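Colleague: A structural model of the following input is requested.
(2 chains, ligands or ions: 8)
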There are 2 protein chains.
Amino acid sequence: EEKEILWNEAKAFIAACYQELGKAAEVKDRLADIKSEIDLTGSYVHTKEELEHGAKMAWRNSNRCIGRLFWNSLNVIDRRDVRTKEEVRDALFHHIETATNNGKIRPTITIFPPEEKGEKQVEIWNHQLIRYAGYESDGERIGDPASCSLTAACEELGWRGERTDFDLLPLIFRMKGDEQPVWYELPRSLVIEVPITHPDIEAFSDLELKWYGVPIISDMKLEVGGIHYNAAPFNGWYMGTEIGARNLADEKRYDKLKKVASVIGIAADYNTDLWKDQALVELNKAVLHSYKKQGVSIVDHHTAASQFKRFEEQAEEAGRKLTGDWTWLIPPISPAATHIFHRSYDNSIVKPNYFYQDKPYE
Amino acid sequence: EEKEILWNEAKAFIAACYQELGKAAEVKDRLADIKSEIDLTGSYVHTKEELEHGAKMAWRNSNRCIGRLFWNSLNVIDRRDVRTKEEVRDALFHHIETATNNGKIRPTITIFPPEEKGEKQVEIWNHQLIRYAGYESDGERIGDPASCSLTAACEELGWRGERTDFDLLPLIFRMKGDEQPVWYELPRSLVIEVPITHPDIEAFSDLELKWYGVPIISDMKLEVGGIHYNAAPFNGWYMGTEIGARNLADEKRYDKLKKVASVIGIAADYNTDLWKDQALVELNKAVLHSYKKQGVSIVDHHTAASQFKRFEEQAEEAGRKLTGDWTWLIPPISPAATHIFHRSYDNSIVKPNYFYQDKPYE
Ligand code: HEM
Ligand code: HEM
Ligand SMILES: CNCCN(C)c1cncc(CCc2cc(C)cc(N)n2)c1
Ligand SMILES: CNCCN(C)c1cncc(CCc2cc(C)cc(N)n2)c1
Ligand SMILES: C[C@H](O)[C@H](O)[C@H]1CNc2nc(N)[nH]c(=O)c2N1
Ligand SMILES: C[C@H](O)[C@H](O)[C@H]1CNc2nc(N)[nH]c(=O)c2N1
Ligand SMILES: [Cl-]
Ligand SMILES: [Cl-]
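Modeller: Numbering: from 1, shown residues only, chains lettered A, B, ... in the order given. Ligands and ions are numbered 1, 2, ... in the order given. Right below this line is the structure:
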């Protein structure tokens, strides 16, 4: 059954990919080649052009992403050649450096060797390549609660965090044939961080908030033409609400809204005062101001929705069906101020795409 | 087929209703009675207890409503006895007065005779019993754009609006056997309105905004045990975001965010300033303040979500499945600050319920 699934996905992908690349004439011969390869080897190998366009198609098909207007300019780094943990480490360090680009963030994906018999060659444990640790011991909570289980796993392996609220987790990944993952500290010179200040409220710096510049999701599987690239970290730039309305605001994350209310000088006592809403707006204004001031790329949710409208228009013009997940596309503040809130979206899954996979810790 | 549909819905409703009322022993005989009645007459008549509990069940099953905690205290007014347009008019005037209750709003539904052969006895044209007119003539826009088509229909019938931004539409409805609906001006003494002021910003009154106290949806069909009450207006009290984040803010409604920004003293020039979000928060604070100051019932979205959490807990305790429409339950500002945003809901349709029906204008 597996080989049939592979061949079927292969036929569909190659036809679509080559059509988009104006290479429809080459489909017949390429498919012939692929079927023999599947017959002999049990799998097939993407050309560099196929791999690049496939990763771009996968972003374009990501129903939950508002940032898809720019799918065709994804920078694809082919690291199917890696075989050692030092090569994986150095590739991940390089992704950080080239994606960061001194603050002018470049959307980038680095693609490692794919699974073979469903057998992973490289298994990355990090959820993002840059993320803060989290701790919870006898009532005491430190750092990012979303990272508690991964943090505990790292400390089982001999890492020790300083227990600030912003400890950088090490890179952690496992190679085929190794029983345990290895870990490596991130060099601080690779990691840009932004202190959060407010354009008008001087006291906002008293909160001592900061966040990292680049979100690099490293635990999803890229699927292209039936080939499963379980290790393929990718990044864009942040939409400010991810940081201001979720990472810093959620009660199960940094939970800062009461502290924000106090520094902006409003009471946090009555629901009818809408103090949480006001605090959210000022925190989100501070996040955008601070990234801009430091020259680190970021987009606000209004501009992002406007870009997404153009993505919808471009899909229609190209004669492609648009898919989307309304529940993720609407921003978590002022959603009805965006056009997204007022229309609906087909949430069908189209491949190539990025998928969740089981965590090897937990 | 129709009689079979009726009988099937009847069996299901009576069983469930009588179970809830501790009257399970009476189900057998009541069903026997109903089947004979259906046989002889083509339909059946609800007892007052059935009609009341059915309307309450219908609210409880309304997937789009965050306010359902209070379903069991709905005030049900049985007006199946009406036969003339004066009786309908006076019943609608009475609903307004008793629901308004001098500002201490009482959730209320008035139920008129049901359809017979799918033949309506009373057809209400208003979307809400109290709503503002809207006009659009050679580039000039006045009032509530959502009411333009109904306003034009009323003016075809000899009504004329003053063309302020807040003209009250007349009641308009049609009786079985009449070709045209009749209309009646609302007595102003029946209609409470609230001027919008801000608790701290004196200039906010310069916008000269106001809204009516009581939302009374009058164009949905109540379906109970297979009987179709197409005329059954109902009301609760407002959640403040309905007024502040939608009616007064939507670009296709009163579109006031730029004016709000100016009176609160912020620029409306850069998306990254989040001026729309800030204006939304201040407008919504003003709406809640103004209703409270005037002693007109209203709920903020935080308190409403908290009540809805209790509704979920109560459903579980009673052993009833919970249904809901996540896309409507989340509030249009700060949705991720409510528990609703972080869970999912089964959007299955359960009857009794309230349904949309075709408009007789348009
Ligand atoms: C260029 C700037 C980008 C912006 C502003 C952007 C924006 C976003 C936002 C706001 C989310 C929701 C995240 C959350 O709530 O957890 C998201 C999800 C997503 N984005 Fe993008 N994105 C960008 C680039 C990319 C790139 C380059 C890719 C892949 C090549 C990508 C793939 C996705 C995927 C797969 C998700 C869903 C993640 C999940 O299900 O947890 N995005 N995006
Ligand atoms: C007691 C106070 C109540 C509050 C605070 C409340 C809150 C709300 C809100 C905020 C909406 C969304 C409205 C929109 O965006 O257009 C809604 C929808 C709804 N509510 Fe309630 N509600 C209440 C009472 C009632 C009552 C008494 C009923 C019926 C007996 C009812 C039935 C519904 C229905 C059917 C909808 C959906 C309307 C549609 O699909 O357009 N509600 N409710
Ligand atoms: C789970 N969603 C809430 C927490 N959150 C905002 C979050 C969690 N985990 C990962 C991300 C990053 C998502 C992402 C990916 C890319 C490529 C870009 C971008 N702007 N955001 C965000
Ligand atoms: C269509 N939704 C956006 C416009 N809007 C907020 C709206 C439109 N049409 C009708 C209503 C009233 C909905 C309603 C009904 C009841 C019983 C209560 C309540 N608080 N709101 C609201
Ligand atoms: C297209 C989308 O479903 C539509 O805009 C809905 C979304 N959620 C909503 N939620 C509420 N409460 N009221 C609405 O009018 C809407 N509009
Ligand atoms: C349960 C619900 O689907 C869940 O909270 C989703 C809703 N929408 C979201 N949208 C985005 N962009 N990110 C999220 O984490 C979530 N959470
Ligand atoms: Cl993040
Ligand atoms: Cl309304």
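Colleague: Name the nearest residue to the residue in chain A that ligand 6 sits nearest to, ignoring sequence neighbours.
Modeller: Closest contact between chain A and ligand 6, by CB to the nearest ligand atom, is at residue A:328 (3.8 Å). Backbone N, C-alpha and C define where each C-beta goes, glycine included. Residue nearest to residue A:328 in three dimensions, not counting chain neighbours: residue A:64, with 3.8 Å by CB to CB, 6 or more residues apart in numbering or on different chains.
Colleague: Give me the neighbour count for that neighbour.
Modeller: Residue crowding around residue A:64 was assessed by other CB atoms under 10 Å in any protein chain shown; the count is 13.
Colleague: Nearest residue to the middle of chain A?
Modeller: For chain A, the residue nearest the mean C-alpha position is residue A:217 (3.2 Å; CA atoms, centre = their mean).
Colleague: these two touch, right, that residue and residue A:234?
Modeller: Yes: the pair residue A:217 and residue A:234 passes the contact test of CB atoms under 8 Å, sitting 6.0 Å apart.
Colleague: Tell me which residue in the stretch 51-200 of chain A sits closest to ligand 4.
Modeller: When distances are taken as CB to the nearest ligand atom, the stretch 51-200 of chain A reaches nearest to ligand 4 at residue A:66, 22.7 Å away.
Colleague: List the contacts of that residue.
Modeller: Contacts here follow CB atoms under 8 Å, 6 or more residues apart in numbering or on different chains; on that basis residue A:66 touches A:239, A:301, A:304-305, A:307-308, A:329, A:331, A:340.
Colleague: Swap in 6 Å and give it another go.
Modeller: By CB atoms under 6 Å, 6 or more residues apart in numbering or on different chains, the residues touching residue A:66 are A:304, A:308, A:329.
Colleague: Closest one to residue B:117 out of these, please.
Modeller: Within the set of the contacts of residue A:66, residue A:329 lies nearest residue B:117; the separation is 45.1 Å, counting by CB to CB.
Colleague: For the residue lying closest to residue A:260 once chain neighbours are set aside, grab phi and psi.
Modeller: Closest residue in space to residue A:260, ignoring its immediate chain neighbours: residue A:279 at 4.2 Å, by CB to CB, 6+ apart. According to degrees, to the nearest 10, the main-chain angles of residue A:279 amount to phi -60, psi -40.
Colleague: just the one 3 residues further on next, same as before
Modeller: Residue A:282 adopts backbone torsions of phi -70, psi -40, taken as degrees, to the nearest 10.
Colleague: Which residue comes closest to it once chain neighbours are left out?
Modeller: In this structure, residue A:282 finds its nearest non-sequential neighbour in residue A:264, 5.1 Å apart by CB to CB, 6+ apart.
Colleague: The one you found contacts residue A:281, doesn't it?
Modeller: No: in this structure, residue A:264 is not within contact of residue A:281 by CB atoms under 6 Å, at 9.6 Å.
Colleague: higher neighbour count, the two?
Modeller: Shown here are residue A:264 and residue A:281; by other CB under 10 Å, residue A:281 has more neighbours (28 against 19).
Colleague: where does that one land in three-state SS?
Modeller: Under the three-state scheme (DSSP: H, G, I helix; E, B strand; the rest coil), the conformation of residue A:281 reads as helix.
Colleague: which residues touch it?
Modeller: Residue A:281 sits in contact with B:274, B:277-278, B:281, where contact means CB under 6 Å, 6+ apart.
Colleague: try it again with 10 Å
Modeller: A:244-245, A:260, A:264, A:274, A:333-334, B:274-282, B:333-334 (CB atoms under 10 Å, 6 or more residues apart in numbering or on different chains).
Colleague: In helices, which of these appear?
Modeller: Of the positions in the contacts of residue A:281, A:260, B:275-282 sit in helices, assigned by DSSP state H.
Colleague: Save those as JSON lines, and put in distance to ligand 1 too.
Modeller: Formatted as JSON lines, the entries for the ones in helices among the contacts of residue A:281 read as follows, by distance: CB to the nearest ligand atom, whole Å:
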{"residue": "A:260", "distance to ligand 1": "20"}
{"residue": "B:275", "distance to ligand 1": "21"}
{"residue": "B:276", "distance to ligand 1": "18"}
{"residue": "B:277", "distance to ligand 1": "16"}
{"residue": "B:278", "distance to ligand 1": "21"}
{"residue": "B:279", "distance to ligand 1": "23"}
{"residue": "B:280", "distance to ligand 1": "20"}
{"residue": "B:281", "distance to ligand 1": "21"}
{"residue": "B:282", "distance to ligand 1": "26"}
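Colleague: Tell me the one among the residues you listed nearest to residue B:10.
Modeller: Using CB to CB, residue B:280 comes nearest to residue B:10 of those, at 46.9 Å.
Colleague: Residue B:243 is in contact with the closest one, correct?
Modeller: No: counting by CB atoms under 10 Å, no contact exists between residue B:280 and residue B:243, whose distance comes to 11.7 Å.
Colleague: Which one's more surrounded, those two?
Modeller: A side-by-side neighbour count of residue B:280 and residue B:243, using other CB under 10 Å, places residue B:280 first with 29 against 26.
Colleague: what does chain A put close to ligand 6?
Modeller: Counting by CB under 6 Å from any ligand atom, the residues of chain A close to ligand 6 are A:327-328.
Colleague: one step back: in helices, which of the contacts of residue A:66 appear?
Modeller: A:304, A:308, A:329.
Colleague: from those residues, which single one is nearest residue B:16?
Modeller: Among the ones in helices among the contacts of residue A:66, residue A:329 lies closest to residue B:16 (CB to CB), at 37.9 Å.
Colleague: Quick one: residues contacting the closest residue to ligand 5 within chain A.
Modeller: Of chain A, the residue with the smallest distance to ligand 5, taken as CB to the nearest ligand atom, is residue A:342 at 4.2 Å. Residue A:342 makes contacts with A:330, A:335-336, B:250-252, as judged by CB under 10 Å, 6+ apart.
Colleague: From the residues you listed, keep the buried residues only.
Modeller: When burial is judged by neighbour count using 16 or more other CB atoms under 10 Å in any protein chain shown, the buried members of the contacts of residue A:342 are A:330, A:335-336, B:250.
Colleague: could the contacts of residue A:66 go into TSV alongside neighbour count and distance to ligand 2?
Modeller: Formatted as TSV, the entries for these read as follows, by neighbours: other CB atoms under 10 Å in any protein chain shown; distance: CB to the nearest ligand atom, whole Å:
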residue	neighbour count	distance to ligand 2
A:304	22	24
A:308	20	23
A:329	21	19
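Colleague: if we look at ligand 5, which of those residues are close to it?
Modeller: Near ligand 5, judged by CB under 6 Å from any ligand atom, there are no entries from the contacts of residue A:66.
Colleague: Just send the residues you listed back as TSV, with distance to residue B:27 too.
Modeller: Formatted as TSV, the contacts of residue A:66 follow (distance: CB to CB, whole Å):
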residue	distance to residue B:27
A:304	56
A:308	54
A:329	47
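Colleague: From these, pick the one nearest ligand 1.
Modeller: residue A:304 (5.8 Å).
Colleague: So which of the ones in helices among the contacts of residue A:66 is the closest to residue A:210?
Modeller: Each of the ones in helices among the contacts of residue A:66 was scored against residue A:210 by CB to CB, and residue A:304 proved nearest at 22.4 Å.
Colleague: Which residue, other than its chain neighbours, is closest to residue A:314?
Modeller: The shortest distance from residue A:314 to any non-neighbouring residue, by CB to CB, 6+ apart, is to residue A:69 (7.3 Å).
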